[PDB]
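Have a look at the structure below, then the notes.
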Amino acid sequence: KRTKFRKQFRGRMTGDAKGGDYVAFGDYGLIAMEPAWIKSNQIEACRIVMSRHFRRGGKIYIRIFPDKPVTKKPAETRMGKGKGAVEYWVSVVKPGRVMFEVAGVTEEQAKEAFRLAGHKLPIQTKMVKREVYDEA
Amino acid sequence: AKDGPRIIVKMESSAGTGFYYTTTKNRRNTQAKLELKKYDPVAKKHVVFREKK
Amino acid sequence: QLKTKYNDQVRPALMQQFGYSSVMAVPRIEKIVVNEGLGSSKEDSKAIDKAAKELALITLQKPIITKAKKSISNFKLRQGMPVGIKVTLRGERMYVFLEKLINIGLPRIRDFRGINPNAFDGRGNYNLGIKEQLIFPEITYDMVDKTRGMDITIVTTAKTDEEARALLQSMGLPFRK
Amino acid sequence: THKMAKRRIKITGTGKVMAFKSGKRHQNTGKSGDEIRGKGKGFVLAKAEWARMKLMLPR
Amino acid sequence: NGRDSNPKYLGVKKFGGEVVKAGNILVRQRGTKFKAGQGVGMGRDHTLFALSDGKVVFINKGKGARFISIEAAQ
Amino acid sequence: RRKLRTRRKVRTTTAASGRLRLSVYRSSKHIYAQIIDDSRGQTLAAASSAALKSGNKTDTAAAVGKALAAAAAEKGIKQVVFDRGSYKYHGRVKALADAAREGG
RNA sequence: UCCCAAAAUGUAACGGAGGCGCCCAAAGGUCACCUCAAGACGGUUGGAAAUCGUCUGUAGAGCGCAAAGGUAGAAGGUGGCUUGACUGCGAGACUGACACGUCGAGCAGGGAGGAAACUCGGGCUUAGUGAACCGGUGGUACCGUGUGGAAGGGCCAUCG
RNA sequence: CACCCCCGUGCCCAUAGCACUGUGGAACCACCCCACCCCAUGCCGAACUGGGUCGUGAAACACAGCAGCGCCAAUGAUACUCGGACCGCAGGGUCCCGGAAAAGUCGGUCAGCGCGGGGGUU
């Protein structure tokens, strides 16, 4: 989740979904249908749940690592700086972007993992199979 | 161009027999004893200037 | 004073064995380089005044104070300051020094069975492991101060290490036996 | 005003105003040689409009 | 903290296919972007100024080096 | 190293000077001593020590100096300046100089 | 100085990061030559880093300082000679409400380097700063109150 | 440019570059040749530099082969967008019209165009 080394602070914007795929790194995968920021802890949630369902593994891939320092108002008011370094880090996610990829388990075994992990998400999602090869 | 207790200096200037003020920034740090250069006075121009004073 | 034994007694011995199309493709020798590491652990601007003497004695040539590389890391290090001594030897002086070693300095050494036979420069050049300085013709305990040592890199026109080893083996290259 | 006479507000024959270059006059020098001769002739006619009025009747 | 969005100025003053005069300032730059070509000088601040009167030649080599020149109009 | 020449070659500014530049190839025993135009991609005078050294070696310097200067005399070339490659302007090249100089 | 700044210039914020109030008798002028960081095998004070050796090497270094731009044909790194860190000037443009500020071919008195073309009116540029006033100081000889002088003042430097 | 070719020097400043490599040898070129003085290497004539042939084309330079690597790179379709209209509480998204990349794929290359001089066609 939270990154190791940086500069400081950030802005915010929304484009299309660029770096990210339909598939890779495994058999099935979950993809975001809605533009958002994803909290580090939210990923930790999807992760931990999917790791609840797969007792053993190494078949879980999260392409979604967040780096976006966000700052929030400390207690109250206005007079003062723009401040508040540590609130949380997020990973902007735009539709089509691959969120999760899991492999080695069944159809159903993917379905449920994605449902549970999906209920932890601020946005819509869906699971798919593979056809297309863009790059390699 | 500010002045005080500090190192270097702004040292005034004059010639052999010729009357002219260069006023250039000198420095006592590495070496300052001879402020000697070649500069050009009122008329003749073409002289050695001892800025030592 | 040598330089002939080079041509006559080396070059054909190669073409007798190797047999290049031409005598210019024959393995040759570019220069002998002498670098005296100083400073750091043992550092005296007086000891450089001392070193330059013995270093200008054996070779009949001036040395040069080599400053630092601006490498500053952890232990004692700086910008620039003499870190060592350098002498390059080409031509008759290269040969005078070299043979002064092969015939004299090398044969008389304590615990000397040869020099390291193993591959040094994969492109066919060579180096030396000189340690004690009491093994030299122009340095004996009659006149001395302390005990240090020197390094010698040997440059050739050789292609591989296999050929150059033989090259040095002409003037002789004592190995581990 | 009546102070500004000998200082240059000075008026020309075309009814223009003489204000040249101030860049360094007395204190604080020791840069170049022609910034020192940077002292000029000069003017602008924007604030020349109400300038003369300081000097008005005594040309 | 924060302070000083700086004025600077820069830009390229006289653009291509423009007829200049001797003494006009063609380019205001910082380093050497635009090298002074034939008919063109470069000040100490690497400003490009005109030696003689004529027309403005722009020369593009793939950048990294490019040239402001002055060719005669007459 | 090979920029030793491009140093002087780029150094000489013809277009601003208006003059013609004088190339000399000092390599060993043969010198080209060509005369080249500022603007156009042409070459004008160009004598050389290539033929008829007649026993001279680096002494042919003065020779191609006179020969060149004479060839350019039949041109109307007066203003010129001296290019070179890696060369030092010391002994031989100074001979080509002074010999193509007095014979301007 | 960079970002915001919406591919011209410009643009606010108690918006986001870092610096200046210096220094340099040369870190300048010119003239000549040298090419860097780094990785790999191989060398006695090494055993990550020292010095040397060869192999690779658009620079991944370097430029007193902060960044961006710039820089391999040098602005980087040694030396020779020197006082252009000049005087009297400005064709013409950048820029500013103004006052300032900036760059600059070229004329002359003259210099310094180079064989020569030629370069030089400080420094790779960009920060290292302050109007007037009152006064200290050197030079020049205009004013100087009946006249001849002086006091005082003025102009060119220049210090606070 | 009648032609082969070598030497100097340009325009073009990587589709003109490196590597694997084959040809060149007494015409040019290169090293090697010796060096008290010119001149000179913070030490070494290695590099400058000064006196010349033999020897050799090895290396360097020169040319020809070669598309492994570099560089060049469509068409198609996008992303985005001036202008014209709109949806959504919002994050954001669409439609009509023009303009229109970046990457990638096809494929294209190992250049091209000058000046001058020297030497060949027994």
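Every read-out reported here was derived from the displayed coordinates using simple, explicitly stated rules and does not represent laboratory data. Here the Cβ positions follow ideal geometry from the backbone for every residue, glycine too, while neighbour counts run over all protein chains shown.
Under 21 Å between alpha carbons, and skipping anything fewer than 8 positions from F:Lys57 in its own chain: which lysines qualify?
Within the straight-line limit of under 21 Å, F:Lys57 reaches these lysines: F:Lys29, F:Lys66, F:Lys88, F:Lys94.
Among the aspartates and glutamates, which have Cα under 20 Å from the Cα of A:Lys18 when same-chain residues fewer than 8 positions away are ignored?
A:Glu34, A:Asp67, A:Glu101, A:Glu131, A:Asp134, A:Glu135
Out of the range A:81-115, which trypsin sites (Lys or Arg not before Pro) are coil in DSSP terms and have no more than 12 other C-beta atoms within 10 Å?
Those that pass, being in a loop and sparsely packed, are A:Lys81, A:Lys83.
Nearest 20 debye, what's the magnitude of the dipole of the range A:18-136 about its Cα centre given +1 on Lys and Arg Cβ and -1 on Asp and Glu Cβ? If you can, show how the numbers build up before the last one.
Numbers: 22 positive and 14 negative charges, 121 e Å.
My answer is approximately 580 debye.
Write out the chymotrypsin sites (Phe, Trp or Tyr not before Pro) in the range C:45-144 meeting two conditions: DSSP loop, and at most 16 other Cβ atoms within 10 Å of their Cβ.
Numbers: sites: C:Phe75, C:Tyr95, C:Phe97, C:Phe112, C:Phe120, C:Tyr126, C:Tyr141; in loops: C:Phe75, C:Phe112, C:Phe120, C:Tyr141.
Answer by residue number: C:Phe75, C:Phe112, C:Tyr141.
Neighbouring Cβ atoms within 10 Å as the yardstick, rank C:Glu138, C:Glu99 fewest first.
Working: C:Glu138 13, C:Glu99 16.
Neighbour counts put them in this order, fewest first: C:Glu138, C:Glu99.
Count the DSSP beta bridges whose two residues both fall in the protein assembly as shown, then state the antiparallel fraction as a percent rounded to the nearest 5.
90
Could you pull out every whole DSSP H run in chain C that spans at least 24 Å of Cα extent along its own axis and averages -0.5 or higher on the Kyte-Doolittle scale?
Numbers: long enough: none.
TM-like helix candidates: nothing returned.
Of A:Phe114, A:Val90, A:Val128, which is farthest on the positive side of the dipole of the range A:82-136, counting Cα position, with +1 on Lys and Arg Cβ, -1 on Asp and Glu Cβ, and the Cα centre as origin?
Most positive-ward Cα: A:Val90.
Can you list the trypsin sites (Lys or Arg not before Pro) in the range C:58-94 that are in a DSSP coil and have 15 or fewer other beta carbons within 10 angstrom? List each step's numbers first, then the result.
Values: sites: C:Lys67, C:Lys69, C:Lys70, C:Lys76, C:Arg78, C:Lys86, C:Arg90, C:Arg93; in loops: C:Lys67, C:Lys69, C:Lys70, C:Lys76, C:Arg78, C:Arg90.
Within the range C:58-94, the qualifying trypsin sites (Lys or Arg not before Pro) (loop, at most 15 other Cβ atoms within 10 Å) are C:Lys67, C:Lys69, C:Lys70, C:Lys76, C:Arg78, C:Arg90.
So how tilted is helix A:107-118 from the main axis of chain A? Cα-based, degrees 0 to 90, rounded to 10.
That works out to roughly 10 degrees.
Starting from the amide H of D:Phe43, placed 1.01 Å from N in the peptide plane, find each other amide H under 5 Å away whose residue is 5 or more places distant or on another chain.
Placed amide hydrogens put D:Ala19 under 5 Å from D:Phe43.
Apply 1/(1 + (r/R0)^6) to the Cβ-Cβ distance of F:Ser28 and F:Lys75, taking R0 = 45 Å, and write down the FRET efficiency to the nearest 0.05. Numbers along the way, then the final one.
Numbers: r = 28 Å, r/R0 = 0.63.
Computed FRET efficiency for F:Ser28 and F:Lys75: 0.95.
To the nearest 20 debye, what charge dipole does chain D have about its Cα centre, counting +1 at the Cβ of each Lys and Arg and -1 at the Cβ of each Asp and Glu?
Numbers: 17 positive and 3 negative charges, 42 e Å.
Its charge dipole is roughly 200 debye.
Run down the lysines and flag those whose C-alpha is under 29 Å from the C-alpha of C:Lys69, throwing out any fewer than 8 positions away in its chain.
Here the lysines satisfying the reach criterion relative to C:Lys69 are C:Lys31, C:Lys42, C:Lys46, C:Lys50, C:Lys53, C:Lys86, C:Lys131, C:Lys146, F:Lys3.
With +1 on each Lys and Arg Cβ and -1 on each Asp and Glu Cβ, and nothing else charged, work out how big the dipole of chain C is about its Cα centre, in Debye to the nearest 20.
On the way: 30 positive and 19 negative charges, 81 e Å.
About 380 debye.
Taking Cα atoms, how many degrees apart are the long axis of helix A:40-53 and the longest axis of chain A, rounded to 10 and kept between 0 and 90?
30
With the dipole of chain E worked out from charges on the C-beta (+1 for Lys and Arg, -1 for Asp and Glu) around the Cα centre, which of E:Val57, E:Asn24, E:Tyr9 lies farthest toward the positive end?
Projecting each Cα onto the dipole axis, the largest value belongs to E:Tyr9.
Please list, by residue number, everything in the range C:129-164 whose backbone N is under 20 Å from a paramagnetic label point 7 Å out along Cα→Cβ of C:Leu57.
C:130-152
Compute the Cα gyration tensor for the protein assembly as shown, then decide on rounded, prolate or oblate, letting a ≥ b ≥ c be the square roots of its eigenvalues: rounded whenever a/c is under 1.5, prolate when a/b is larger than b/c in the other cases, and oblate in all that remain. It would help to have the intermediate numbers written out before the result.
Details: a/c = 1.70, a/b = 1.04, b/c = 1.63.
It is oblate, given that a/c is not under 1.5 and a/b is not larger than b/c.
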